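Since the structure comes first, as C-alpha cells, the remarks are kept for the end.
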Amino acid sequence: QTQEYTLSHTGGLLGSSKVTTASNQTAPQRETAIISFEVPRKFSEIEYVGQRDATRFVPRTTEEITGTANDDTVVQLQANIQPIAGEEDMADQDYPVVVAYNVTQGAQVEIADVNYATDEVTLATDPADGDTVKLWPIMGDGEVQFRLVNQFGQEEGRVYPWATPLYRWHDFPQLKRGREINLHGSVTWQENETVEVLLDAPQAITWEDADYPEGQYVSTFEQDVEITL
Amino acid sequence: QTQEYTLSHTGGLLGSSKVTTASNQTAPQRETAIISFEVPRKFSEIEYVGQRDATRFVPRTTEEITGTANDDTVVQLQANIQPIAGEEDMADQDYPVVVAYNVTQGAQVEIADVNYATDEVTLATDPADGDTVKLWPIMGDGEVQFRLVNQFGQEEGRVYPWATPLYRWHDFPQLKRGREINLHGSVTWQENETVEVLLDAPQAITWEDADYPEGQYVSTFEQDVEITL
Amino acid sequence: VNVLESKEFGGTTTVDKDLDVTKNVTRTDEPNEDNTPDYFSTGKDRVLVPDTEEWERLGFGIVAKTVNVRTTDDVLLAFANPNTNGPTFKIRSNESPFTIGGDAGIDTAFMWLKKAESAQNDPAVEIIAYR
Amino acid sequence: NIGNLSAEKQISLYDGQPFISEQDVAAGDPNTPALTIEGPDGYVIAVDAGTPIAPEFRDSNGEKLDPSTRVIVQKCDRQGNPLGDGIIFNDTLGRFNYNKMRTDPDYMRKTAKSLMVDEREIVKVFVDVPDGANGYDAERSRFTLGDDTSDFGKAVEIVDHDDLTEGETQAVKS
Amino acid sequence: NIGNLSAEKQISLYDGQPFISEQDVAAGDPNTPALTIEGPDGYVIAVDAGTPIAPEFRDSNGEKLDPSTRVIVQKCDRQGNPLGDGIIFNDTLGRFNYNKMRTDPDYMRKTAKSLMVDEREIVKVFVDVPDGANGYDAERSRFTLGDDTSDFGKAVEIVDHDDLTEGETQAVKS
C-alpha cells in the first residue's frame, strides 16, 4: 500500500496548516529553518530516500531600489549570481535568474545585460526619480540540511550530517533524468514527527511579497516522497 | 607504474627546451615539421596508441590587410574555410573560425557575416585608410602524419603511412566521447628518440604573433599519452 | 645445508674481521685485488652542474656505505629516484664539506644530483664507497 | 621503435586522393558519375555491411542541391560497365543534415550490404538531379565512406594483395 | 526514526570547505599550488579510477584563463613534498566547456587512476600559466571532484578511520 507522492511549499497534502514557511537570520548567520513538514491527521508514515528520491528548490531574495532623474540603469547586488543550466542568456535559462518590477508603474522591468560574476546588472528601461523597483535575484552562497523532531522539539539529529550548497543547487540542471538530484539519507516519520529543512546563509529568502508578478510565490521547494497511503 | 598524461604545444613536461615549434614550407609544398617531442632527462619511455589515445589540434594562419578611406568591409582568403562542429554561426562554433585585430586601434574587429565556401568574409566595423589588420583564420586543405627519429635524424620510418586531412580534423567535433579522434598507430620511444609531427599544405601556420589577443598562442597541439613514470 | 650455511657465515666473519683470514700475510707483500679496495671518486677536476630541470645521475660501480661531498654552492640531492619516490635533500654551502654513512650501512647506488637556486655554479668533489 | 601492424588497415576515403576521380555534373543527367573510385594495383579494399557516407554534394554557390536529388552508389567491373548485381546506397539528397550527420551515431547513414574491390574494379556515384536545377560542382563538395578516427563508427579495410594466399579466391569472386 | 548508514559515504568536494585550502596565483609560476587539499584527522578518503573534476579557474575579471594554461593534480605525502609516483589529471584548461561539463556525461572528465589519502596527506593543484597572461583569483573560481547527487556519475568515498581494522594496512600503504 505504498504510493509515491509530491509535496510543495504550499498546502497540497497539508492544507497550509501542517506546513509553514519562514525567512532566515541574516545579521548573525544561523542555520535556521525556513520550512517544515508536519504529518497531517491521516497518514501512518512518510519516507524519504536520497539516492532514490528527487528534490527541487528555487530560492530568491528581495531588495528595494529607488530611481533618479539621471537614473543609472545599473545595479549591484550583495548576493552572488550564477546561471542555472548553462549560459547567462535570460532567454534560455530554464527560468530567469533575476526578476524585476517597478512599483509606480505597476509593470515589469526587462533586462538588457548582466555583469556576470561582478554581481551587477544592466536594465533595459529607465526608472524615474523617487521611483521604486523590487528585484528578486536568485539565492546562492548558502548551505542546506534536513533534520527531524520528536513531537516537541527534541531533535533525533539530522538526516545526513554534511551540507549542500545552493550555487551548486542552481548549477545542476533540474528536469533531466540522471542529472536530477538525489541526496543521501534515509528516514521515516509518523504523525506529528515533523521535519524541518534548514539553511545557513548571509542573505535573506522570500516566499511571497504579494507584488511578485509570476504566480504569487517568489520561491519554492518541491519534493518527492514514498508514502504508506 | 604506467600513468596517463597530457602534452602541449608549450613547455609542460619539457620546459620549452625538449620541444620546438616551427612554421612550414609554402612555395614548394613540403611535408615539413612544425613540432617535435624530445624525451626529457627523466623518463624511461613514452607510448602512443591510436585507437586508444586522443588528440587535439587547432591550427590557424596569419595575413595582413590594410584599409582604405572608402574601406571595403570585405575580404577574400586563399585558405579554405569550414565550420568546426556544425553551422557557421560564430556565436556557437565551439571556437571561432576567424579572429581579427586592428593594429592602429589596438582592439578586436568583430565579424558580421561570412561568405561561407566562397572563402570571403564581411566584417562588422569600418577600417581606415592605411590601417593595418591582422587575421587568423583556421587552416584547412592539408595533410598530417607522425614519424620518429633514432637520436640523430635516421628515421625509423613512420607511425602509420596514410595521412589525415585538416578540414576533416576541424569537422569532427572535438570534446565528445566516441566522436573523439583516435588515429591508428602504436609506438614507443625512449630518451632522445624524439618524435616529430609533419604537415604538408600550401598555406602557412602560426604558433605565436605577440599581438594575437586570445592567450598568446595562435594555434595549438595537445595530446594524450601513456607514460612509464 | 645447515652446516654449509655455518661455513659460509664463518667465511663471512673471517672476511669481516680480517683476523682469522691469513690472506693479509700475502696481501701485505704486494698489491692485488684483495689488498686494493674498490671504490669511487672523481679526478682533481671539480664536476659542474650549471643547469636546472636536470637531474644528474652518477652510477657507482658498487653499493656505498658512506659518502663525502665538497662543493662551493647550494645544491640538491637524492639517493632514491628524485622524480618518482625520492626525498629532496638540500645543501648549505657553509656546511658543504660533509659525509653520511658508516655504521648506518646504506644500500645506495646510482645517486642523483641537481643544481639549486644560487648565484653561481656548483663545482663538486666526491669520495664514496668504502664498502 | 615502432609497433608492428597488420596488413589490414582501417581508413576513411574522400575526394582529395590520387586514385579516386571526379567530375562536374549538370542537371537531368543521372548517368554522369560525379565520383569514380578505381581499384589501385595490389590493394584490395573492403566494406562491411554498414559504413557511413558523407554525401556532400553542393552547388557552385555552395548550397546543397535540391532535396529531390538522389544518389546511387554502384559497383562496376572493368569495361566502364555498371552492374545491377552489386549496388549500395540508393538514397535521396535533401535528407542527411550534413552539419551533424558527419558526427552523430544516429544520422549516420550506413550501407545496404558489404563489398569487395579487386586490384582494378570501379565504383561510381550516379547523381539524379531531377531537371532545371542548379548544376553540380566538386570543389565546393566532398564525399566520404568511413569513420576510422572515432570509436563507435566503422571504417574501410584495406589490404595489400601480396600479404595473402586467398587472393586467387577473391579474384575468382570478382 | 532515521535509517542507519554505513561508514562509507559518497560526497563531492569543493572550495568553500574548512580543511581544503587555496591561494591566488600569478602567471609563469607553475610551482604555486592554487589548491591544497589536506587529510583530515581520522578520515580516510578515496577516489576510484574515474571521477569528474570541475576545474573552474577564472581571472580576477571572471574569465577562464588562457587555453594554453594547464592543470596538474598531484599527490603529496607530508613534508609539503610533491611526488611523481602518484599523480592524477594532467590536462589543459581551455578545453572543458565549463557551462555543460559540470552536467553532461560526455564532457565529464574522469581521473587517470584511483587514489587514497590517509589522515594527513596532501594533494596539490599546480597551474601552469604560460607567461604574460592574466593572474589567477580563487573567489571568482571554483573546483570540484565528484558527482554524488546524480545517478550516472561517481563520487568521493569517505570513511572514518575508527570504523576499520585494515587502517594499519592502509597506513603501511601510504
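Each chain of the C-alpha cells is named A, B, ... in the order shown, its residues numbered from 1; ligands are numbered from 1 in display order.
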Compile the contact shell of residue 84 in chain A as a PyMOL selection string: residues with an atom at most 9 Å away, counting only C-alpha atoms, same-chain residues fewer than 3 positions apart removed.
-> chain A and resi 87-88+93-97+167-174
Residue neighbourhood residue 149 in chain B, 8 Å, only C-alpha atoms, exclusion window fewer than 3 positions, as a CSV table (one decimal) with N, CA, C and O atoms, in the first residue's frame:
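Result file follows (part_21.csv):
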```
chain,number,residue,atom,x,y,z
B,152,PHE,N,69.5,10.9,-34.0
B,152,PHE,CA,70.3,11.7,-34.9
B,152,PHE,C,69.4,12.4,-35.9
B,152,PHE,O,69.6,13.6,-36.2
B,153,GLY,N,68.5,11.7,-36.5
B,153,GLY,CA,67.9,12.1,-37.8
B,153,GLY,C,67.6,10.8,-38.7
B,153,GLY,O,66.8,10.9,-39.6
B,154,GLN,N,68.3,9.7,-38.4
B,154,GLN,CA,67.9,8.5,-39.1
B,154,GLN,C,66.5,8.1,-38.6
B,154,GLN,O,66.3,7.7,-37.5
B,155,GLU,N,65.5,8.3,-39.5
B,155,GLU,CA,64.2,7.9,-39.2
B,155,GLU,C,64.0,6.4,-39.2
B,155,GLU,O,64.5,5.7,-40.1
B,156,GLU,N,63.3,5.9,-38.2
B,156,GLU,CA,62.8,4.6,-38.2
B,156,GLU,C,61.8,4.4,-39.4
B,156,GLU,O,61.7,3.3,-40.0
B,193,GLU,N,64.9,9.7,-28.4
B,193,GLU,CA,64.2,9.2,-29.6
B,193,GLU,C,63.0,10.0,-29.9
B,193,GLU,O,61.9,9.7,-29.7
B,194,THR,N,63.3,11.3,-30.3
B,194,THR,CA,62.3,12.3,-30.5
B,194,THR,C,61.3,11.9,-31.5
B,194,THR,O,61.6,11.1,-32.4
B,195,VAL,N,60.1,12.5,-31.4
B,195,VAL,CA,59.0,12.4,-32.4
B,195,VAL,C,58.9,13.7,-33.1
B,195,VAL,O,59.3,14.7,-32.5
B,196,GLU,N,58.4,13.7,-34.3
B,196,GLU,CA,58.1,14.9,-35.0
B,196,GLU,C,56.8,14.8,-35.8
B,196,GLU,O,56.7,13.8,-36.5
```
Write out as a VMD selection string the residues lying within 7 Å of range 62-64 of chain B, counting only C-alpha atoms and excluding same-chain residues fewer than 2 positions away.
-> chain B and resid 60 66 132 to 136 206
Point out the residue among D:62, D:50, D:16, D:67 with the least atom-to-atom distance to residue 133 in chain D, counting only C-alpha atoms.
-> D:67
For residue 220 in chain A: contacts at 9 Å, only C-alpha atoms, fewer than 3 positions along chain excluded, given as JSON, numbers by chain | {"A": [8, 9, 10, 56, 57, 58, 59, 60, 207, 217]}
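The nearest approach to residue 9 in chain D among the residues B:102, B:175, B:68, B:51, with only C-alpha atoms taken into account, belongs to B:51.
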For the atom pair CA of residue 163 in chain A and CA of residue 147 in chain E, what is the interatomic distance in Å to one decimal place?
->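 Between CA of residue 163 in chain A and CA of residue 147 in chain E the gap is 14.7 Å.
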Excluding residue 104 in chain B and residues on its chain fewer than 3 positions from it, collect all residues at most 10 Å away from it, counting only C-alpha atoms, and give them as a list in words.
-> residues 101, 107, 127, 128, 130, 131, 132 and 133 of chain B
Go through B:214, B:1, B:52, B:39 and flag the residue nearest residue 108 in chain B, using only C-alpha atoms for the distances.
-> B:214
Give me every alpha helix (DSSP H) residue in range 4-129 of chain C, going by DSSP on the backbone, as an MDAnalysis selection string.
-> chainID C and resid 4:17 23:27
Leaving out residue 229 in chain A and any residue of its chain fewer than 4 positions from it, which residues lie within 7 Å of it when counting only C-alpha atoms, given as a list in words?
-> residues 1, 2, 3 and 43 of chain A
Suppose we keep N, CA and C atoms; can you now write the selection as a PDB file, in the first residue's frame?
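Now in again.pdb:
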```pdb
ATOM      1  N   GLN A   1       0.827  -1.199   0.000  1.00  0.00           N
ATOM      2  CA  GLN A   1       0.000   0.000   0.000  1.00  0.00           C
ATOM      3  C   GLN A   1       0.863   1.251   0.000  1.00  0.00           C
ATOM      4  N   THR A   2       1.989   1.178  -0.699  1.00  0.00           N
ATOM      5  CA  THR A   2       2.968   2.254  -0.751  1.00  0.00           C
ATOM      6  C   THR A   2       2.858   2.945  -2.098  1.00  0.00           C
ATOM      7  N   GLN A   3       2.631   4.250  -2.068  1.00  0.00           N
ATOM      8  CA  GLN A   3       2.424   5.040  -3.268  1.00  0.00           C
ATOM      9  C   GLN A   3       3.262   6.300  -3.185  1.00  0.00           C
ATOM     10  N   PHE A  43      -1.984  10.078   7.898  1.00  0.00           N
ATOM     11  CA  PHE A  43      -1.040   9.104   7.393  1.00  0.00           C
ATOM     12  C   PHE A  43      -0.439   8.254   8.494  1.00  0.00           C
TER      13      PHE A  43
END
```
Run DSSP on the backbone of this structure and report the residues of range 13-223 of chain B it assigns to strand (DSSP E or B), as a PyMOL selection string.
-> chain B and resi 21+32-37+46-49+55-58+60+65+74-76+100-102+107-108+111-115+120-123+133-135+138+145-148+158+186-189+195-199+220-223
Counting only C-alpha atoms, the option among A:53, A:119, A:92, A:180 closest to chain E = A:180
